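First comes the structure, then the notes that go with it.
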Amino acid sequence: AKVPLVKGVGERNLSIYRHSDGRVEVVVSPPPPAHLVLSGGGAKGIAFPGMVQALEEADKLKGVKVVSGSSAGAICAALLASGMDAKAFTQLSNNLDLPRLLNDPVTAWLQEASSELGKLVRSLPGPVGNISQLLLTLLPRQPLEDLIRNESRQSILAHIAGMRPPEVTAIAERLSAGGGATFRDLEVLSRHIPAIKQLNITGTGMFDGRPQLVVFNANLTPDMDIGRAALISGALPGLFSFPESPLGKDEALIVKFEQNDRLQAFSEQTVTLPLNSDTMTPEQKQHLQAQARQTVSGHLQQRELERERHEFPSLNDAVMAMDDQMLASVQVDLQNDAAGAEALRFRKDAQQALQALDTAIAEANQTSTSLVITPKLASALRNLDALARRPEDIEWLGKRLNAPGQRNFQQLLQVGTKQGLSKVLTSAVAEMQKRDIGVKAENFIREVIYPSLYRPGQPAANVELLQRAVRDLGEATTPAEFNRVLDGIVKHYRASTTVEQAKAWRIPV
Amino acid sequence: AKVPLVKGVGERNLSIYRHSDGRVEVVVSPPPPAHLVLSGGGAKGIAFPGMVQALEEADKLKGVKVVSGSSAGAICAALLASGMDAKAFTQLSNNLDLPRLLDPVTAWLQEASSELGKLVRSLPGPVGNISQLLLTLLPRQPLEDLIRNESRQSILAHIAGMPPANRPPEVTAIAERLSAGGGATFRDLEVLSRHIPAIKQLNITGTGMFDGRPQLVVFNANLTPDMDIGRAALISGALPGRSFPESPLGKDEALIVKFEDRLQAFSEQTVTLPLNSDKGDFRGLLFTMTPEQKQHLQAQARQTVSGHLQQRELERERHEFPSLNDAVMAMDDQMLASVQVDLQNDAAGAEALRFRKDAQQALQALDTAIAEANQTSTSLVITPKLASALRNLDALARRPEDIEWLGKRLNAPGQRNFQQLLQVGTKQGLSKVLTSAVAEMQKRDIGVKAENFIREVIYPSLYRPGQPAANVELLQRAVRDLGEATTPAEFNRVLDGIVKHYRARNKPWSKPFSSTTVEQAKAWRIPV
């Protein structure tokens, strides 16, 4: 029968069993929430304080990394991302009366200008990232945005004071004067202060008869004021770890009001705050907030009871599916097993070889910003190639070279994109290109297909064509495959702005 | 029987005479050109090479600092700002074949013009220039590529000519970025011009028609620092149909190149390249010319400009002052250094030079104290050593004029440390020079808002085809008053008058944003 090697270790209650034939089975529970998604509303937003009480009271707010807020939930998201605790957040939410509050020139301009904006954005010779980019430059920096801006500033400064890299002290100075926090500040600040979170503000608007997803965050609109983003967001509705591993999975808490493993993951991770039970007084707010608190606590508890099993051909393959943190959790128990110890030794060597490579890149940058394959760098790639015990190791190391925030590796990958053979580099380069296309496909889908497909009155043959385009795009790994799908829109979509966009997004080649 | 103190000193031929009364008279000639302005055209641009030959052959190209190019002159301006010499420039211009060159971006500009006009004029909060919108709507094409390659090559060559010695990190980083294949931006040009005299700052300008109103489009380091110059020049061509500001001796010279109170200065500084002669009449350039025809037109331009540069050296202007000291107060450091030895030999001259030496020292001490305080914190405060430098500066004044004067020096354009100190000052605890410099800062700011309001709000209404005469009169009156405005109250008075009297037609079919004028006039009011 199967032998337990590790049991209920850590917050994922990680267990590992081995069968006779060497088959290994890993069992885990969900991680605590890293992404809090608020699908807002104004009046309903009073319930949010209980949701925050529930998170903090369970020490599960600390480990939230990103807060997303949609429509009128952008406000709350911004307050929370700024590090407001449950008490402060409850106090402030009770004193708002925000439905009245949401009623000013910027908002006004958005109603009048919506048609003009829709035409403009869809007529461009070259695609833009998101209509947010237009709004950013058309509406640079009223009651609502001020409250938000003052409260985030206070909160942020307090946190900074309780802490400093020059990076943060400079944010502190800029804010003291009277500058508001931007998305880029939040991203930077989150790296050093766990209570401050990255922020996404989102919304759907109607622009010239077609719905458009608007998105503000550190990537599309880094230098944008968060208050202003939240105000814009709130005015739209009135216009009507290892990516390849199954053990590397993020948990969300998606807060709503009363391949497709992701669809049901989304719904398993969704909590519906109740609005009905056995304008608004303090007791009524206190009650609704307590209902939310309970619901969410209930949801958080149930999530801890889920378990999922993942099987692997060997203990080594399971170890290869674990990111560093997860592997550190079980390292002591696994050390006590011979195959477990060898697998930990391979990981230690790979961490050393990758470190040497990162170092050689840093060294070359001390003499020039444009990178070249110095002798020490050629040596680190030859060594990385020698570490591989089999072809799978090559692919794996190649994925590690695509680690998301790893600057030095990114430069090396650009250099690689030119040529003449490190096997790990060639692999990592092919992986990079595969990811890029993946990202362009999501973007094209979000920015071009979505609006056509959900255009009121769109004929059925076009709906069929666009839907087919979506699947094919989720299958695309190269420019050729990506372009094949766009050439088909161009040739078969029955009309024009869609066909124009389809051409405009082709990858040059 | 006026006495000469100084005669024909330097390139401005500076002379200084004193009467019995103590009245002093300064006579000067114009400085050589610091700004080259090209009011372009495509085919007629074939004359420009002679203009550049004339500048270089007279060693007057070096001292050009900024090159502006309008409409199809943007191309040329970009090539020159990049440091192309006369010969390279002549060669490249003869081989251009610009009718074929002068495409989706262009096309988009015709179709999208209406939408763009509405959007930009209707904003709750004014932006800088419609260039800012275009920058983000039209990010990265035969013409734009040619320009981009040629500017890169030219720039790299120049960067390479620098001493291997130091080379500021600033420039080497531009060099890297460009080697890969990135194009030069306006900000690169500005940065590079500080260390390499052959590279110039660049303004690309033009006028388009958007929703029935003309708009000045402007690309440069201040509005669109990170924009590619090639792209700027393409857009431009396709539009839809050191010294003392207070002083009269601190005057910039322009060379404005056209084809066949700053108003007269503008026209005295303008040169008109001829298109018609015995060797041919090429006024239609407003067919395939032979190499000889190009060579001829270029030589006509060369002569005209040489003639113009020579004539400019013969002009003289006289400025009178109550005393030798007041004349010295009107001279920038360079000009004062020119005449220092001659003036030392006069008693009043020596007292005036002494005040300037002491002021150079006290301002230096102030700059130092700011640098010192910044070694401990980026947010500036009035440290003890800084309070001391302000006290000293205040004591330097011999009379109230000196206080105002020092206050102007604190507003020196690129002086970063002084700027931080001026911000701190803007809060309040009483240095007399600081208070003065702060009031001077606010005066300059309003001046700058007025230019902006003029360019961005008045210009389009005033030149709108069909604008009734009373509105033209109102807008024109607004322009003068705005040139006279020193405070928010005065600025706002002028805008309140637009709001009160400007009259628009009711065109319900003209979508949203018909009369942006009154709306813009309100939106630009200074908060108070």
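Letters A, B, ... go to the chains of the structure tokens in the order shown; residues in each chain start at 1; ligands are counted from 1 in the same order.
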Using only C-alpha atoms, what does the table of chain A residues within 9 Å of chain B look like, with each row giving the shortest atom pair and its distance in Å to one decimal, sorted by chain and ascending number, as a Markdown table?
```
| residue | atom | partner | partner_atom | distance |
| --- | --- | --- | --- | --- |
| A:105 | CA | B:124 | CA | 6.3 |
| A:106 | CA | B:124 | CA | 6.3 |
| A:109 | CA | B:124 | CA | 7.1 |
| A:112 | CA | B:512 | CA | 6.7 |
| A:113 | CA | B:119 | CA | 7.2 |
| A:116 | CA | B:115 | CA | 5.8 |
| A:117 | CA | B:115 | CA | 7.8 |
| A:119 | CA | B:115 | CA | 7.7 |
| A:120 | CA | B:115 | CA | 6.5 |
| A:121 | CA | B:137 | CA | 8.1 |
| A:123 | CA | B:108 | CA | 7.8 |
| A:124 | CA | B:108 | CA | 7.1 |
| A:125 | CA | B:104 | CA | 6.1 |
| A:126 | CA | B:138 | CA | 7.2 |
| A:127 | CA | B:137 | CA | 8.7 |
| A:128 | CA | B:137 | CA | 7.2 |
| A:133 | CA | B:136 | CA | 7.8 |
| A:134 | CA | B:136 | CA | 7.3 |
| A:137 | CA | B:133 | CA | 6.9 |
| A:138 | CA | B:123 | CA | 7.0 |
| A:139 | CA | B:125 | CA | 6.9 |
| A:140 | CA | B:125 | CA | 7.3 |
| A:141 | CA | B:125 | CA | 7.8 |
| A:170 | CA | B:378 | CA | 8.0 |
| A:173 | CA | B:379 | CA | 6.7 |
| A:174 | CA | B:379 | CA | 8.7 |
| A:368 | CA | B:176 | CA | 8.4 |
| A:369 | CA | B:176 | CA | 7.1 |
| A:370 | CA | B:176 | CA | 6.3 |
```
Mind dumping the selected residues with C-alpha atoms as a PDB file, in the first residue's frame?
```
ATOM      1  CA  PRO A 105     -17.814  67.933 -14.369  1.00  0.00           C
ATOM      2  CA  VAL A 106     -15.613  64.871 -15.095  1.00  0.00           C
ATOM      3  CA  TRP A 109     -17.970  65.041 -19.600  1.00  0.00           C
ATOM      4  CA  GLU A 112     -21.376  63.765 -23.425  1.00  0.00           C
ATOM      5  CA  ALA A 113     -18.078  62.572 -24.858  1.00  0.00           C
ATOM      6  CA  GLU A 116     -16.786  60.684 -29.739  1.00  0.00           C
ATOM      7  CA  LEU A 117     -14.465  58.493 -27.649  1.00  0.00           C
ATOM      8  CA  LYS A 119     -15.311  56.352 -32.682  1.00  0.00           C
ATOM      9  CA  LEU A 120     -11.892  57.689 -32.002  1.00  0.00           C
ATOM     10  CA  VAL A 121     -10.500  54.600 -30.210  1.00  0.00           C
ATOM     11  CA  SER A 123     -10.604  53.994 -35.756  1.00  0.00           C
ATOM     12  CA  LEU A 124      -6.849  53.890 -34.915  1.00  0.00           C
ATOM     13  CA  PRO A 125      -4.196  52.627 -37.450  1.00  0.00           C
ATOM     14  CA  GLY A 126      -2.409  50.914 -34.539  1.00  0.00           C
ATOM     15  CA  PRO A 127      -4.027  49.337 -31.442  1.00  0.00           C
ATOM     16  CA  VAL A 128      -3.954  51.075 -28.059  1.00  0.00           C
ATOM     17  CA  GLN A 133      -4.869  55.181 -21.727  1.00  0.00           C
ATOM     18  CA  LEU A 134      -6.963  57.715 -23.625  1.00  0.00           C
ATOM     19  CA  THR A 137      -4.351  61.739 -20.922  1.00  0.00           C
ATOM     20  CA  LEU A 138      -7.772  63.412 -21.510  1.00  0.00           C
ATOM     21  CA  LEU A 139      -8.748  63.619 -17.846  1.00  0.00           C
ATOM     22  CA  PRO A 140      -5.613  64.405 -15.827  1.00  0.00           C
ATOM     23  CA  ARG A 141      -6.041  65.621 -12.215  1.00  0.00           C
ATOM     24  CA  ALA A 170      10.532  59.600  -1.922  1.00  0.00           C
ATOM     25  CA  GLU A 173       7.833  63.215   0.476  1.00  0.00           C
ATOM     26  CA  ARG A 174       5.741  63.547  -2.659  1.00  0.00           C
ATOM     27  CA  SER A 368      27.203  48.613 -20.375  1.00  0.00           C
ATOM     28  CA  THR A 369      23.402  48.742 -20.537  1.00  0.00           C
ATOM     29  CA  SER A 370      23.298  46.902 -23.877  1.00  0.00           C
TER      30      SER A 370
END
```
Set the distance at 12 Å and use only C-alpha atoms: which residues neighbour range 15-19 of chain A once local chain neighbours fewer than 3 positions away are removed? I'd like the list as a PyMOL selection string. chain A and resi 1-12+22-29+247+307-316+318-319+322+326-327+329-330+333-334+337+339-340
Deliver the residues from the most recent selection as a file, using C-alpha atoms, as a PDB file, in the first residue's frame.
```pdb
ATOM      1  CA  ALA A   1       0.000   0.000   0.000  1.00  0.00           C
ATOM      2  CA  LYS A   2       0.906   3.653  -0.277  1.00  0.00           C
ATOM      3  CA  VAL A   3       3.399   5.220   2.099  1.00  0.00           C
ATOM      4  CA  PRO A   4       3.044   8.677   3.551  1.00  0.00           C
ATOM      5  CA  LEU A   5       6.203  10.768   3.137  1.00  0.00           C
ATOM      6  CA  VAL A   6       4.737  14.038   4.382  1.00  0.00           C
ATOM      7  CA  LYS A   7       1.519  14.944   6.141  1.00  0.00           C
ATOM      8  CA  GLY A   8      -0.586  18.101   6.384  1.00  0.00           C
ATOM      9  CA  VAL A   9       2.296  20.390   6.178  1.00  0.00           C
ATOM     10  CA  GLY A  10       1.578  24.073   6.262  1.00  0.00           C
ATOM     11  CA  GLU A  11      -1.293  26.255   5.268  1.00  0.00           C
ATOM     12  CA  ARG A  12      -1.947  24.096   2.202  1.00  0.00           C
ATOM     13  CA  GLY A  22       7.093   4.980  -7.622  1.00  0.00           C
ATOM     14  CA  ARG A  23       3.894   6.882  -8.477  1.00  0.00           C
ATOM     15  CA  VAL A  24       3.627   9.843  -6.153  1.00  0.00           C
ATOM     16  CA  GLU A  25       0.475  11.600  -5.056  1.00  0.00           C
ATOM     17  CA  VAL A  26       0.369  15.173  -3.665  1.00  0.00           C
ATOM     18  CA  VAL A  27      -2.687  16.405  -1.774  1.00  0.00           C
ATOM     19  CA  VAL A  28      -3.391  20.014  -1.000  1.00  0.00           C
ATOM     20  CA  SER A  29      -5.927  22.478   0.181  1.00  0.00           C
ATOM     21  CA  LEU A 247       0.427  23.132  -7.477  1.00  0.00           C
ATOM     22  CA  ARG A 307      -8.705  19.002  -0.897  1.00  0.00           C
ATOM     23  CA  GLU A 308      -7.324  18.235  -4.298  1.00  0.00           C
ATOM     24  CA  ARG A 309      -4.999  15.408  -5.405  1.00  0.00           C
ATOM     25  CA  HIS A 310      -2.340  15.652  -8.062  1.00  0.00           C
ATOM     26  CA  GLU A 311      -0.447  12.607  -9.315  1.00  0.00           C
ATOM     27  CA  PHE A 312       3.107  12.426 -10.683  1.00  0.00           C
ATOM     28  CA  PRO A 313       5.242   9.637 -12.237  1.00  0.00           C
ATOM     29  CA  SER A 314       7.853  10.152  -9.504  1.00  0.00           C
ATOM     30  CA  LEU A 315       8.861  12.040  -6.360  1.00  0.00           C
ATOM     31  CA  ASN A 316      11.229  14.049  -8.446  1.00  0.00           C
ATOM     32  CA  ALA A 318       6.345  16.306  -7.891  1.00  0.00           C
ATOM     33  CA  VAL A 319       9.303  18.240  -6.497  1.00  0.00           C
ATOM     34  CA  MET A 322       6.770  22.868  -6.373  1.00  0.00           C
ATOM     35  CA  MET A 326       6.279  25.080  -1.095  1.00  0.00           C
ATOM     36  CA  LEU A 327       9.485  23.066  -1.379  1.00  0.00           C
ATOM     37  CA  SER A 329       7.834  23.746   3.678  1.00  0.00           C
ATOM     38  CA  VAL A 330       8.549  20.070   3.189  1.00  0.00           C
ATOM     39  CA  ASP A 333      10.553  15.800   6.061  1.00  0.00           C
ATOM     40  CA  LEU A 334      11.734  14.995   2.518  1.00  0.00           C
ATOM     41  CA  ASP A 337      13.917  10.061   2.338  1.00  0.00           C
ATOM     42  CA  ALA A 339      14.967  10.064  -3.344  1.00  0.00           C
ATOM     43  CA  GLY A 340      13.597  13.105  -1.535  1.00  0.00           C
TER      44      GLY A 340
END
```
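Across the model, the gap from CA of residue 470 in chain A to CA of residue 501 in chain A is 15.2 Å.
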Name all residues at most 10 Å from residue 32 in chain A (count only C-alpha atoms; drop same-chain ones fewer than 5 positions away) and give them as a compact mmCIF listing (two decimals) with C-alpha atoms, in the first residue's frame.
```
# COMPACT_ATOMS: atom_id res chain seq x y z
CA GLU A 11 -1.29 26.26 5.27
CA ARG A 12 -1.95 24.10 2.20
CA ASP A 59 -5.35 36.93 9.80
CA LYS A 60 -6.10 36.47 6.15
CA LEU A 61 -5.98 40.18 5.11
CA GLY A 63 -1.60 37.87 2.82
CA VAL A 64 -3.92 39.61 0.29
CA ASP A 250 -3.64 31.47 -6.68
CA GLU A 251 -6.76 31.85 -4.57
CA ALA A 252 -9.20 34.69 -5.03
CA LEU A 253 -12.05 35.97 -2.94
CA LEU A 300 -13.20 31.11 4.38
CA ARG A 303 -12.41 26.74 1.62
CA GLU A 304 -10.00 25.27 4.22
```
Which residues come within 12 Å of residue 470 in chain B, counting only C-alpha atoms, excluding same-chain residues fewer than 3 positions away, as a ChimeraX atom specification? /B:462,466-467,473-477,498,501-504
Can I get the selection written as a CSV table (one decimal), in the first residue's frame, with C-alpha atoms?
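Resulting contents of result-v2.csv:
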```csv
chain,number,residue,atom,x,y,z
B,462,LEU,CA,-10.2,84.0,-33.7
B,466,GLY,CA,-17.0,83.0,-40.4
B,467,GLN,CA,-16.4,84.3,-36.9
B,473,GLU,CA,-12.5,92.4,-31.9
B,474,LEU,CA,-13.2,90.9,-28.4
B,475,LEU,CA,-10.6,88.1,-28.8
B,476,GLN,CA,-8.0,90.6,-30.1
B,477,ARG,CA,-8.6,92.9,-27.2
B,498,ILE,CA,-14.9,86.4,-22.7
B,501,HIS,CA,-19.5,88.9,-24.1
B,502,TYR,CA,-18.4,86.1,-26.5
B,503,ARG,CA,-21.4,85.1,-28.7
B,504,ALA,CA,-21.8,81.7,-30.4
```
Every residue of range 32-239 of chain A that DSSP places in helix (DSSP H, G or I), as a PyMOL selection string: chain A and resi 43-57+71-81+86-94+98-101+105-122+131-138+143-161+166-177+183-192+226-235+237-239
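Contact shell of residue 396 in chain B at 9 Å (only C-alpha atoms; same-chain neighbours under 2 positions omitted): residues 355, 358, 359, 362, 391, 392, 393, 394, 398, 402 and 403 of chain B.
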Taking only C-alpha atoms into account, name the residue in B:240, B:158, B:170, B:23 that is nearest to residue 209 in chain B. B:240
What does the structure give for the distance between CA of residue 243 in chain B and CA of residue 421 in chain B, in Å to one decimal? 20.9 Å
In Å to one decimal, how far is CA of residue 159 in chain B from CA of residue 375 in chain A?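 Going from CA of residue 375 in chain A over to CA of residue 159 in chain B covers 28.0 Å.
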Within 9 Å of range 389-403 of chain A, counting only C-alpha atoms, which residues qualify if same-chain residues fewer than 5 places away don't, as a list in words? residues 241, 242, 243, 244, 320, 350, 354, 384, 409, 410, 412, 413, 423, 424, 425, 426, 427, 428, 429, 430, 431 and 432 of chain A
So that I can check the surroundings of residue 130 in chain B, please list as a ChimeraX atom specification every protein, DNA and RNA residue that reaches within 10 Å of it, counting only C-alpha atoms and ignoring chain neighbours fewer than 4 positions away. /B:116-117,119-121,134-135,215-219,223,456
Would you give me, as a list in words, the residues in range 242-367 of chain A that DSSP reads as strand (DSSP E)?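 Checking each residue of range 242-367 of chain A, the strand (DSSP E) ones are residues 252, 253, 254, 255, 256, 257, 270, 271, 272, 273, 308, 309, 310, 311 and 312 of chain A.
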